[PDB]
Amino acid sequence: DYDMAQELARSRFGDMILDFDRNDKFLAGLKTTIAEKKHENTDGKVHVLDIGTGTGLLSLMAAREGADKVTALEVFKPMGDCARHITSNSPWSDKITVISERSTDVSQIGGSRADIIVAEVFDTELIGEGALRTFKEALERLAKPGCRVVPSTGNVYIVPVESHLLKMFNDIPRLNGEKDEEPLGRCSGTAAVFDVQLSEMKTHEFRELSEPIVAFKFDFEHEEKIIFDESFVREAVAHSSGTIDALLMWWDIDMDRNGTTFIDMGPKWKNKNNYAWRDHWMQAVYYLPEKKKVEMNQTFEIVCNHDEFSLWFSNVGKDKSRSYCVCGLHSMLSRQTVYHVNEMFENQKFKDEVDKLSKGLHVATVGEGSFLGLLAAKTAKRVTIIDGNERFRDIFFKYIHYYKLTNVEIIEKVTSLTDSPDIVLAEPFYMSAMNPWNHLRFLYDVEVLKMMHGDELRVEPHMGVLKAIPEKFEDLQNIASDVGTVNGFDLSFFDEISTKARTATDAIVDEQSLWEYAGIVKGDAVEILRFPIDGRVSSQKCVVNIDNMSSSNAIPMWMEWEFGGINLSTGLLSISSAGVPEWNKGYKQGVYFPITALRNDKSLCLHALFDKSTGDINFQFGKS
Ligand SMILES: Nc1ncnc2c1ncn2[C@@H]1O[C@H](CSCC[C@H](N)C(=O)O)[C@@H](O)[C@H]1O
Ligand SMILES: [Zn+2]
């Protein structure tokens, strides 16, 4: 029930259905192939197999383009029903049948096998949703000889780069800035997938060190050319000397095998005539297990690896297989949290405030996976780091040993700090937080600390504030807006059930890495709530009007904290005079997308209750 309704919520895959270029490009591959089979089949009858049919959109496009029979397969049963409803209430009802099975389980589609297979079954890493087996087994079992598939062919490109920015998402943080600081040893990093909108990297934040290299070619029309595990050593020519901080990755697929019509995931700065924004697909960043340097105009090799679902890259003469996180950091922290710690360790203004606040004092740190106490140890007489998570305690233990910070103690519970400290310092940062306001756990550890030592116990930060701002994003809004009619097909049935299963199983406010989404801001940041650092934690409730909404399509929200004399922002860092906001890359911000009833209003009313009882903030948006 709840697992079933949550997955119906995901089923839109953000902007997938509204990806105009995706839709054009599959339409084009179907026109080309249906027209070949129109000529080739002695009777002119063309059987299309659409695998992964979702709403049935592609099947509608096949039948309207003149396929005589379309069979559509959807493994996810509720989307199977959705499709059945949509296609059976359309003019092509008679031509289209929906079977709710995974294509791999089907054994015959009856009576005839397919002339053509269309499948949109790809994610950012191309192969990560099963494409390989889906095609290979559909060709073995479900297709005529010379079956044509849309798309027919695909490539995966990597580009080496030197980038301080990207390094920050991967480096084990270095308390003192030099290498060879190796606090935790050497680590590969995970083979978790790091998806990023590389188009929003500013040109100064990276440098390409070679032309794109073709890591893999796939061919989705020949059974035998689809091999699940492969490794190839690949060659290129540096056009700059530098170090390979990261490997940018993306793919492109050829819709009809003509070398002309493509979905191309190349970033805006490297896809000059086939670039369209989207979110359900993006580009990806991979890291080499060890450092690799490169000089022009030298030849270098990257070893290119994949299994059925996954890609990874290794150096020559190092061993080929997939490398996991061994330091515990890459597997515990999200990418943006690694960036957060590396950024904090390099932030001279932050470090100065921490020294001035700690000097000669016993400091206690609260947080969960917060590294602050390691900085407080420079100047503090004593640091008690309180961290409830065992694995972060083990990490901190390795850092204190490695950097010989003998004035630091690490303990598990706030109620175990029996000596009273001079100051409590926090970011605050708790790894558990899905929202910038979920770091409000802070208020409760403070309540406990003031109950145990007194109410005049010094604590920093001493004020937190929830803020919001109206923004007009260029594109991001389409992850959330209603699908309505698409390619002339009414898909509103999908919106009703998608609405329902989002209403029930989803949060009102989304979470997004806003630095990755271009927009312009339409008003001043506004304060919503303000949190004093008190004896007792109190519920609070407010109602604020957010004007300027008629030219905006979203409301970002974030926390700011007054840490001694400085201000820490988990979201907005500044706004250019042109109105372009800059967002902290070490956190996800909250963004609300005005519900469809509200698309039009020139101002919305924001309601928020911080509920002492849950530690949470509920929002509703409406009225005015
Ligand atoms: N081998 C398979 N057989 C049937 N459904 C599959 C499948 N692999 C993935 N899926 C389903 O197919 C979908 C991919 S999303 C693409 C949907 C549709 N063709 C469109 O382009 O709009 C998801 O609904 C997933 O449930
Ligand atoms: Zn690691």
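By convention here, the first residue in the shown sequence is residue 1. Values below: every heavy atom of this structure, side chains too, minus hydrogens, waters and symmetry copies.
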With respect to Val70, which candidate in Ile96, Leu49, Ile116 satisfies the side chain to side chain contact (heavy atoms under 4.5 Å, CB included) definition?
->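 Of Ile96, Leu49, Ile116, side chain to side chain contact (heavy atoms under 4.5 Å, CB included) with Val70 is met by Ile96 alone.
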Residue list, side chain to side chain contact (heavy atoms under 4.5 Å, CB included) with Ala83, at least two apart or on another chain |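 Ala83: side chain to side chain contact (heavy atoms under 4.5 Å, CB included) contacts with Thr53, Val98.
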Ring-ring centroid check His330 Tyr287, cutoff 6.0 Å |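 They do not qualify: ring centres at least 6.0 Å apart.
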Centroid separation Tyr339 to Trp515 less than 6.0 Å =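 No - the distance between ring centres of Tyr339 and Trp515 does not fall below the 6.0 Å cut-off.
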Would you mind checking if [Y] and [X] are paired as a salt bridge, meaning a charged N to carboxylate O distance below 4.0 Å?
X      : Y      : value
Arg10  : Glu7   : no
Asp15  : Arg278 : no
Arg257 : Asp219 : yes
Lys38  : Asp115 : no
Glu208 : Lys270 : yes
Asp81  : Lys77  : no

Parallel under 30°, tilted from 30 to 60°, perpendicular over 60°: which one fits the rings of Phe169 and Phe194?
->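 Tilted: the ring planes of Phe169 and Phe194 meet at 30° to 60°.
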Do the rings of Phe313 and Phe216 sit parallel, tilted or perpendicular, given the 30° and 60° boundaries?
->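 The arrangement is tilted - the two ring planes meet at 30° to 60°.
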Using 0.5 Å steps for rounding, measure from the [atom1] atom of [X] to the [atom2] atom of [Y].
X      : Y      : atom1 : atom2 : result
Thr596 : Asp482 : OG1   : CG    : 4.5 Å
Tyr517 : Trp277 : OH    : CH2   : 6.5 Å
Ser576 : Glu582 : OG    : CD    : 10.0 Å
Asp50  : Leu73  : CG    : CG    : 7.5 Å

Between the side chains of [X] and [Y], does any donor sit under 3.5 Å from an acceptor?
X      : Y      : answer
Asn584 : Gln336 : no
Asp506 : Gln6   : yes
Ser498 : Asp495 : no

Please confirm whether the backbone N or O of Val149 pairs with a side-chain atom of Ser152, one donor and one acceptor, at under 3.5 Å?
->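 A pair under 3.5 Å: yes.
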Test item: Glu162 side-chain N/O and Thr243 main-chain N/O as donor-acceptor pair under 3.5 Å =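 Indeed, once roles are kept as given, a pair shorter than 3.5 Å links the two residues.
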side-chain hydrogen bond (donor to acceptor under 3.5 Å, both in side chains) partners for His85, two or more places apart |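 Once residues adjacent in sequence are excluded, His85 has no partner under the side-chain hydrogen bond (donor to acceptor under 3.5 Å, both in side chains) criterion.
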